[PDB]
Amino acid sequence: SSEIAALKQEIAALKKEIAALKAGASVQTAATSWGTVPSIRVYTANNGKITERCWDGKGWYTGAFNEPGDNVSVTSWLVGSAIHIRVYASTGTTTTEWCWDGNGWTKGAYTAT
């Protein structure tokens, strides 16, 4: 019947659309750096978790940052030689700020409101 043949091309069209959406998919990164060496921190949202990779001039290694998020952005600044980093990790519509200030990642005051 042409009733079943119609829906068989309907699902075929939906497979073309879903495959186009899946084509664009990838991990999401954010990067910051400081000084002249330099130091570089690269944050990667992958499968709902954000991890950190670090460079201080002598090879790449995994940093202490490990939090949930499907999206990430980062900024940092120097107070003298001391580095301060702010990572904004988002899941759904909730965005949590994470703060490095010398020894450990803490939850920041940021809200979207």
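Residue numbers run from 1 along the displayed sequence.
- For the pair 96 to 104 and 20 to 28, the mean B factor over Cα atoms is greater in 20 to 28.
- Among all modelled residues in its chain, residue 36 ranks in the middle third by Cα B-factor.
- Among the modelled residues of its chain, residue 75 has a C-alpha B-factor that falls in the lowest third, as given in the PDB entry.
- The PDB entry assigns residue 66 a C-alpha temperature factor belonging to the middle third of its chain's modelled residues.
- The PDB entry assigns residue 46 a C-alpha temperature factor belonging to the middle third of its chain's modelled residues.
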